[PDB]
Amino acid sequence: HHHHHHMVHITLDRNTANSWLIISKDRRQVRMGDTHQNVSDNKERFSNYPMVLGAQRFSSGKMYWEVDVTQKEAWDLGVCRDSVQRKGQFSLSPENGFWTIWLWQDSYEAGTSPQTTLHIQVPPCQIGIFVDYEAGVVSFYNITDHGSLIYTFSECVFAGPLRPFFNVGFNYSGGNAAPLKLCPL
Ligand SMILES: CN(C)c1noc(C2CCNCC2)n1
């Protein structure tokens, strides 16, 4: 792909984070804390899952960013509507305003309804995410495997501003403490 030149500088929005997340001072890294992080509750925070949004809102154009997932067992990545539900249980699906992929129990899947099996020969250490707002496209690239395509959502009905979306995942196993990091341009 040749999407690298639409690179955007993404930062994380503390105020949207689940109350167990620790966002670095530069707002470029997030990890699961071992306890509630001593913050007040607010209506923006994801209550049920270890999720956080980027600060940037996109309503036009072409945007690209990269996320480091080294040594994690579980995570979700992509984009979502600014108006997604924050409280209670919900599924990651385009019907609920999410365009995502994930790793879960040694398999990669796209957040369609129902979910779609991905075919990845080289486990990725970094993921590239491309959004073309006007075309209605969200694509995912395997940076570890020379930028190979992982998945394309097409005919997307965004129906609002989009925000970068992140889930660091739970750490029941002790093998999923590693952070998500936004990679430099
Ligand atoms: C409702 N949420 C977000 C929540 N409550 O407890 C927990 C812990 C569950 C085991 N691992 C650390 C997090 N998460």
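Sequential numbering from 1 along the given sequence is applied to the chain's residues.
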Evaluate the criterion side chain to side chain donor-acceptor pair (under 3.5 Å) for residue pair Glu44 and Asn15; output intermediate values, then yes/no.
CA-CA 7 Å; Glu44 295 180 71; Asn15 286 341; 4.9 Å; no

Hey, any chance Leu103 and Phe170 share a hydrophobic cluster, counting ILVMFWY side chains that come within less than 4.5 Å of each other, even indirectly?
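Yes: a chain of side-chain contacts under 4.5 Å links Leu103 to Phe170.
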
If two hydrophobic side chains count as joined below 4.5 Å and joins carry through other members, does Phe98 share a cluster with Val157?
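No, no single cluster joins them.
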
Taking the six-membered ring for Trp, is the centroid-to-centroid distance between [X] and [Y] below 6.0 Å?
X	Y	value
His5	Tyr64	no
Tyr49	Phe90	yes
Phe158	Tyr133	yes

Spacing of [atom1] belonging to [X] relative to [atom2] belonging to [Y], to within rounding of 0.5 Å:
X	Y	atom1	atom2	answer
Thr112	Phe153	OG1	CZ	6.0 Å
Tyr151	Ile120	OH	CD1	12.5 Å
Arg81	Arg57	CZ	CZ	15.5 Å
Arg45	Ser40	CZ	OG	6.0 Å
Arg28	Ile10	CZ	CD1	8.0 Å
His9	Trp65	NE2	CH2	13.5 Å

Side chain [X], main chain [Y], donor-acceptor under 3.5 Å:
X	Y	value
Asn167	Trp75	no
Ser93	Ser113	no
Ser24	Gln29	yes
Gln89	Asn48	no
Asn176	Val168	yes
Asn171	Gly175	yes

Does the pair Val8 and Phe58 meet the rule for a side-chain contact (heavy atoms from CB on, under 4.5 Å), with working shown?
CA-CA 11 Å; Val8 291; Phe58 302 126; 4.1 Å; yes

Could you go step by step and tell me if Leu180 and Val69 meet the side-chain contact (heavy atoms from CB on, under 4.5 Å) rule?
CA-CA 6 Å; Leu180 293 176; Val69 301; 3.8 Å; yes

In the structure I gave you, are the side-chain heavy atoms of [X] and [Y] within less than 4.5 Å of one another anywhere?
X	Y	answer
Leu77	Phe166	yes
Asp76	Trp104	no
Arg86	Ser47	no
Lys62	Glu134	no
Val131	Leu162	yes
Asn96	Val84	no
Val30	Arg14	no
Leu182	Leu12	yes

Neighbour count above 12 (heavy atom, 6.0 Å) for [X] [atom1]:
X	atom1	result
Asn42	CG	yes
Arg31	CZ	no
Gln121	CD	no
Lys87	NZ	yes

Among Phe140, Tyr141, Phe130, ring-ring contact (aromatic ring centres under 6.0 Å, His included) partner for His1:
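It is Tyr141; the other options fail the test.
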
Might you point out which heavy atoms bring [X] and [Y] nearest each other, and give the distance in Å?
X	Y	result
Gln37	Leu21	CG-O, 3.5 Å
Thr152	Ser139	OG1-OG, 2.8 Å
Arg163	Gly54	NH2-O, 2.8 Å
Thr100	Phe165	CG2-CD2, 3.7 Å
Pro164	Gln56	CD-O, 3.4 Å
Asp26	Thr11	O-CG2, 4.4 Å

In sequence, state the C-alpha distance, the side-chain angles, and the governing distance for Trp99 and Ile129, and then conclude on side-chain contact (heavy atoms from CB on, under 4.5 Å).
CA-CA 10 Å; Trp99 298 266; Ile129 302 170; over 6 Å; no

After noting the C-alpha distance and the side-chain angles of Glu109 and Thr117, does the key distance pass the side chain to side chain donor-acceptor pair (under 3.5 Å) rule?
CA-CA 5 Å; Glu109 299 178 323; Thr117 297; 4.6 Å; no

Who passes side-chain hydrogen bond (donor to acceptor under 3.5 Å, both in side chains) against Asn18, sequence neighbours left out?
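For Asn18, no residue satisfies side-chain hydrogen bond (donor to acceptor under 3.5 Å, both in side chains) once neighbours in sequence are set aside.
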
Which residues pass the salt bridge (charged side-chain N to carboxylate O under 4.0 Å, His left out) test with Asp34, not counting sequence neighbours?
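Scan of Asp34 (salt bridge (charged side-chain N to carboxylate O under 4.0 Å, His left out), adjacent residues dropped) gives none.
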
Decide, yes or no, whether a salt bridge links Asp13 with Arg27 under the criterion of side-chain N to carboxylate O below 4.0 Å.
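Judged by the 4.0 Å cut-off on N to carboxylate O distance, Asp13 and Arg27 do not form a salt bridge.
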
Pair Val67, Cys183 - check side-chain contact (heavy atoms from CB on, under 4.5 Å), show working.
CA-CA 6 Å; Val67 187; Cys183 312; 5.7 Å; no

Aromatic rings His6 and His3: how do their planes relate, parallel, tilted or perpendicular, breaks at 30° and 60°?
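Aromatic pair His6/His3 classed tilted.
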
Just one of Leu149, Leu118, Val122, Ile127 clears the side-chain contact (heavy atoms from CB on, under 4.5 Å) bar with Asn142, so which one?
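It is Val122, the one option of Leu149, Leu118, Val122, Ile127 that forms the side-chain contact (heavy atoms from CB on, under 4.5 Å) with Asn142.
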
